[PDB]
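Form deposited without the named molecule, single chain, as structure tokens, below.
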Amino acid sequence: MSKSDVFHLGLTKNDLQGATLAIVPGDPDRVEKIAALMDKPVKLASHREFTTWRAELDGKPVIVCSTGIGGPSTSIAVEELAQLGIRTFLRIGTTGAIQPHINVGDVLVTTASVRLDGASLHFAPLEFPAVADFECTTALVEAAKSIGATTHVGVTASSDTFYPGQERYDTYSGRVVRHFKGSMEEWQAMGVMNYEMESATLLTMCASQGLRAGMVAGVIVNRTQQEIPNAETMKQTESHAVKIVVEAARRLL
């Protein structure tokens, strides 16, 4: 089993030009959406879950990509992006929250994540912290002040499966949960704001070399309040979190 260099993504080094910055959301039907709030946004490729788009932001280029679900999908998009020339990864998602005071619509800026995945352990072992960059968390927290969004800074728990423990989640069971049942109220007490699944790998890769990674979200859901949130409200959440990371980036370029 030999090979010849690589395969995946679609990028060529020369495409993205000399971008350096990368915004990596999860969902591919959201990459064009972010690239729109910018100038001269182009489609670069769409090689299965990994959807690239370029744009300029004040004369300076910025790459909006797509990662997929789970740490494994992410670690690929990132491994190849970092080699293409990228040294800054800004992520925007729309998570759900485990804290009662956190309302739907608010922003979440992840200083660091509780590692509950298995891909991150390939980069740096379960002792090294999954910590976000400082200029990256700064840009995003101050850029959210210049948008007027009740931002929440803190810890996010990124899992390898659709968020264990209690919670509620109409959890499909009968054979309950494994060594993860009472883990939900535990994190909840430890001031962990939200669950999610890709940062453990994003942050820990970056942290452990070059780096400058950061995560920004938007609570589209909270495991307690009913009707939360009405559809119109849900999507209105997805927008502000894009203005903030495109804006965060303008402050890093």
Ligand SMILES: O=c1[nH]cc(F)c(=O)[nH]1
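Start at 1 and count along the sequence shown; that's the residue number. Heads up, when I say rigid core I mean the largest set of C-alphas that superpose within 1.5 Å between the two forms. Shifts are known only where both forms have a C-alpha.
J.: Should the higher mean CA B-factor in the entry be assigned to 179-187 or to 120-128?
T.: Stretch with the higher mean C-alpha B-factor: 179-187.
J.: Comparing 111-119 with 89-97, which has the greater mean CA B-factor as deposited?
T.: Higher mean C-alpha B-factor: 89-97.
J.: According to the deposited entry, which of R30, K40, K60, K43 has the largest Cα B-factor?
T.: Most elevated C-alpha B-factor of the set, per the entry: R30.
J.: Quick one: which of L21, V242, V24, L11 has the biggest Cα B-factor according to the entry?
T.: Reading the PDB entry, the winner on C-alpha B-factor is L11.
J.: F162's Cα B-factor: lowest, middle or highest third of the chain?
T.: Lowest third, going by the recorded CA B-factors of the chain.
J.: Can you tell me whether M205 has a C-alpha B-factor in the lowest, middle or highest third compared with the other modelled residues of the same chain?
T.: CA B-factor rank for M205: middle third.
J.: Per the entry's values, where does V78 land by CA temperature factor relative to the rest of its chain, in the lowest, middle or highest third?
T.: Middle third by C-alpha B-factor.
J.: Relative to the other modelled residues of the same chain, rank the CA B-factor of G148 and answer lowest, middle or highest third.
T.: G148: CA B-factor falls in the middle third of its chain.
J.: Where does the C-alpha B-factor of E135 rank in its chain, lowest, middle or highest third?
T.: Within its chain, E135 is a middle-third residue by C-alpha B-factor, going by the deposited values.
Absent from the display: the form solved in complex with the named molecule. The rest refers to it.
J.: Classify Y195 as contacting or not contacting the named molecule in the entry with it bound by the rule of any non-hydrogen atom within 4.5 angstroms, answering yes or no.
T.: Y195 belongs to the contact set for the named molecule.
J.: Using a 4.5 Å heavy atom cut-off, state whether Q166 contacts the named molecule in the entry with it bound.
T.: The answer is yes: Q166 has a heavy atom within 4.5 Å of the named molecule.
J.: Since only the chain is shown here, I'm wondering whether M38 would be in contact with the named molecule in the entry with it bound (any heavy atom pair within 4.5 Å).
T.: The answer is no: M38 has no heavy atom within 4.5 Å of the named molecule.
J.: Though only this chain appears here, would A45 touch the named molecule in the entry with it bound if you measure heavy atom gaps against 4.5 Å?
T.: It does not: once the named molecule is placed as it appears in the entry with it bound, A45 has no heavy atom within 4.5 Å of it.
J.: Each of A22, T88 and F134 within 4.5 Å of the named molecule in the entry with it bound, by any heavy atom, yes or no?
T.: Checking in the entry with it bound: none of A22, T88 and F134 is within 4.5 Å of the named molecule.
J.: Out of 102-110, 89-97, 173-181, 121-129, where are the residues with a heavy atom within 4.5 Å of the named molecule in the entry with it bound?
T.: Comparing against the named molecule in the entry with it bound, the contact stretch is 89-97.
J.: Taking the named molecule in the entry with it bound, which residues along 145-163 bring a heavy atom to within 4.5 Å of it?
T.: If the 4.5 Å heavy-atom criterion is applied to the named molecule in the entry with it bound, 145-163 yields only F162.
J.: Listing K145, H122, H101, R178 as candidates, which single one shows a C-alpha movement of 2 Å or greater between this form and the one not shown when the core is held fixed?
T.: Going through each option, the one that shifts is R178.
J.: Is the C-alpha displacement of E79 equal to or greater than 2 Å between this form and the one not shown once the rigid core has been superposed?
T.: Stays below the 2 Å threshold, so no.
J.: For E167, does the CA position differ by 2 Å or more between this form and the one not shown when the superposition is done on the rigid core?
T.: The answer is yes, as the C-alpha of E167 shifts between this form and the one not shown by 2 Å or more after core alignment.
J.: Knowing the shift is 3 Å or more, I'd like to know if the C-alpha atoms of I98 and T171 are closer or farther apart in the entry with it bound than in the shown chain.
T.: More distant in the entry with it bound, by 3 Å or more.
J.: Over in the other structure, so in the entry with it bound, do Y172 and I98 pull closer or drift farther apart at the C-alpha level? The difference is 3 angstroms or more.
T.: Distance between the C-alphas of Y172 and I98: longer in the entry with it bound, by 3 Å or more.
J.: Three or more consecutive residues, each Cα shifted by 2 Å or more between this form and the one not shown after core superposition: list those runs for me in sequence order.
T.: Listed in sequence order, the moving runs between this form and the one not shown are 4-6, 163-178.
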